[PDB]
Amino acid sequence: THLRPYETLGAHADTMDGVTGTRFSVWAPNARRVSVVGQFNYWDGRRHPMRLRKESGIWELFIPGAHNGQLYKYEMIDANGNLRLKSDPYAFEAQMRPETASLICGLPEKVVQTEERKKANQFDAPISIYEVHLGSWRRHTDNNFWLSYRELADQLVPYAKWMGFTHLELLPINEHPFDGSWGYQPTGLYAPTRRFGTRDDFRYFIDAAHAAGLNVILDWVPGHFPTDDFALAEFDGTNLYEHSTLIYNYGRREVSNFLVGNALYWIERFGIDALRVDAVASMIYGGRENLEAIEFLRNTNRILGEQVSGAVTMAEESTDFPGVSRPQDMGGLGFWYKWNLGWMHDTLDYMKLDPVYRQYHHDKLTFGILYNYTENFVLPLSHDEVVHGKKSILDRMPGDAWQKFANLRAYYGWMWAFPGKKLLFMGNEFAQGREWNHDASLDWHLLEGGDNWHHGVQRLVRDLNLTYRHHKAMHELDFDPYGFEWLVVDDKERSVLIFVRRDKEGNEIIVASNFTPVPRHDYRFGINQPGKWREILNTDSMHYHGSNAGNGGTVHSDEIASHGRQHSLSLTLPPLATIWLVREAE
Ligand SMILES: OC[C@H]1O[C@@H](O)[C@H](O)[C@@H](O)[C@@H]1O
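All the letters of the sequence shown, read from the start, carry residue numbers 117 to 360, 372 to 412, 428 to 728 under the entry's author numbering.
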C-alpha cells in the first residue's frame, strides 16, 4: 500500500466488468496529459489516454486485450509542453542494448523466508561470502558469450557450494545500460538486467542457490541516481525524483516509497536474504551531513527489520561515521554489518612489506582488535581492491614465486581466524595474477594442467571455509570480547602472532602465524587450557604446495611458565604460514 507501491504502480494484470487485460499506473502530479503506447496500439498515443488523479498524482487506465509479453512505454506531454517517450520506473522486465522499454509480466508469486536462511544471517553464524560480477565470472569458450542465469545456477551455485561458502554476493543486477559501471549506474531499479535472460530465469537462479544451502546478498543502489538514457531525470518536466551531481530527493514521501518499496521487492518477490549498500559516505555528505540521507537509511533499516526480520543489511562507509552498524536510538543508521575497510587496508599494507621490514609494522595486525567492538564487521577482500592498477591480491605479495604464494596462503589463514565475517571476491580463491576485467571471463586457465600452485590456494580456501564453519569457537563470538584473546601480542622481532578464539562454552582454538621465511622450532608460549593440542589447519601443508613443516601429531603442554601463564606449548611454526590447534578430549 504505502510501503509496497510496486504492487499498484506499473503494469499489472486485471479483469473488470468480466473481460481481462492490463492496467497501467504512473506517478506524475504535473504534466498536461499522459498516454500508453505499445504493441497493442501500433505505438499510437492518440488511442489510449490515461486519467490523472487528485490526491495522488497518478495517471491510470485499464487496457483490454493488452497482455503479458508485449512491450509498452508512456507517451507524455511534459509540464513544459514537450513530447517525450518514457519507460516505466516500475518496469519488471526490460530490453537492453538494441533499445529501452518496459514489458508486461507483473509480479512473481513471492517468497516466504525459511528458518535456516534467517539463522544463517545471524551474528552467531559462520558467514563467508563469495562476491561475484555475473558478467565476468565465466564465458563460453567458442564465442565469449555471457553465461545466462540458468547456466549460472548449474555452474556458479555448485561451485560456491563446493568451495564451502555460506553466502553469494552479487554486483548489482538491476537494469543498466553500460557494462563499465559494473551495475552501479542503473536505469531500472525493479528489473533484473536482461543480459543473462528473463526475470523468471533470475528468480530460478535464486531458487537454485537456496536449494543448495546458500543465502544471497544483493548489491543495492539507492546512492546513485539514474544519470543515463533520460530514465529518471526531469520526469514529468519537474524535479520529480531529483533535488533542487544528480542525487535523490529522499525527502519526498513517494520517492522514499520508490526506494524502500524496491527493497521489499527483492526480499519478498525474489527471496533475497540480505542487501549491501555502497558509498554510504557519498550519500550522507562533520558539517556536510545530508539530514535526509541519514534519515532514509534509518527508516529503510527500521522498516526492513519490522517487515522482513531475518533479512539484514550491510554497508560500506569510509569516514568512520560512528554507529553505522548500531541501533537507531543512539548513533544510528541501523545496519546489521559494516565492511571493515581499515582492516583490509592495514593487513594488505603489512602483507605487502618485505618479510624483513615487518618487525617495524607489527601494529598493523594488532590495531584492529582495538575497535572491533564499535561495529559488526565483515572482513572484505572485494572487487574495489583488484582494479585500476591496484594489482591482484597475489601481486601484492613479496619475493620470488613460492614466497608470494606462501604469503598469500598465510594471510588467508590469518584472515579466516580474525574476528569478523569473511568476504572474498571471485578470482581470489585461486590466486589470479592479473587484475579483474569485467569484460572478460576470469583466468580459469591457470587451473588447467597438472596440480599447480593455484590449485593449492583453491584447496586452502575450501578447507578454510569448512573448518571455520565446523568449530563454534571460530564464529560464535566475533562481536564479544570473550571470543578473542592474545597469547603472544609483542613478538615483533620475529613476526609471530598467536591468539585464541573462544566459543560460548569456553573452548579454545589456538591460531599461530609466522610471517617470516625463518621456521621457528621449539617456540614456547603460554596457554589457558593445558593438555593435548593438535593441528587442524596448516597453510604450509604440502596439500597446498607448502614445504610441509609442522608438529606431526599431538603435542602435550608443559607446566613451564611463559608469557605470564602457568602452562605452555613448545611448537614448530612453519615459515610464512599460519596454523590452528584444537584440544583433544581425554
Ligand atoms: O573465454 C574463456 C577463457 O577466457 C580467457 O580470457 C581466460 O583467461 C580463460 O581462463 C578462460 O577460460
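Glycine is no exception: its CB is placed at the ideal position from the N, C-alpha and C atoms.
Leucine 219 versus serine 151 - alpha carbon distance: 16 Å
Paired residues, beta bridge with residue 65 - DSSP: The structure shown does not extend to residue 65, since the chain spans only 117 to 728, so no value can be given for it.
Contact check, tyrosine 320 vs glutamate 285, beta carbons under 9 Å: no
First through last residue of the beta strand (DSSP E) which encompasses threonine 138: 135-143
Pair within 9 Å by beta-carbon distance, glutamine 301 and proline 308: It is not a contact, given that the beta carbons lie outside the stated cut-off.
Per-residue burial, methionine 472 [other beta carbons within 10 Å of its own, 16 or more giving buried]: exposed
Those runs of the alpha helix (DSSP H) which lie wholly inside the region 190-247 and span at least 4 residues: 231-235
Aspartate 585 beta carbon near ligand 1 (any heavy atom closer than 8 Å): Flag set: Cβ of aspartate 585 near ligand 1.
Backbone secondary structure at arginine 576 - three-state DSSP: The three-state secondary structure of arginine 576, taken from DSSP, is coil.
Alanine 548 (DSSP reduced to helix, strand or coil): Of the three classes helix, strand and coil, the one that applies to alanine 548 here is helix, per DSSP.
Where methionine 539 falls, given that 16 or more other Cβ within 10 Å makes a residue buried: Buried, by the Cβ-count rule.
Assigned exposure category for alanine 347 - 16 Cβ within 10 Å defines buried: buried
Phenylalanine 178 and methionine 212 closer than 9 Å at C-beta: no
N- and C-terminal bounds of the alpha helix (DSSP H) containing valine 466: Element bounds for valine 466: n/a, residue is neither H nor E.
Contacting residues, own chain, Cβ-Cβ under 6 Å from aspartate 405 (five flanking each side not counted): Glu458
Inter-residue Cα distance where the pair is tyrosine 513 and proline 464: 11 Å
Beta-bridge pairing of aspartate 270 - partner residues as DSSP gives them: In the DSSP output, where bridge partners are listed per residue, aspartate 270 has none listed.
Proximity of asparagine 607 and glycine 280 at Cβ, strictly below 9 Å: yes
Own chain residues within Cβ distance below 7 Å of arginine 167, not counting five before or after: So the qualifying residues of the chain are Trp175, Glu176 and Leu177.
Selection from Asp505, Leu679, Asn260 and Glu618 that minimises the alpha carbon distance to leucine 639: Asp505
Nearest-angstrom Cβ-Cβ length linking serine 467 and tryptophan 485, presumed shorter than 8 Å: About 14 Å separates the two Cβ atoms, so there is no contact after all.
Per DSSP, cross-strand counterpart(s) of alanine 719: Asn656
Residues of its chain near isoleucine 652, where Cβ-Cβ distance is below 6 Å and the 5 sequence neighbours each way are ignored: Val642 and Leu723
Per-residue burial, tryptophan 336 [other beta carbons within 10 Å of its own, 16 or more giving buried]: Buried, by the Cβ-count rule.
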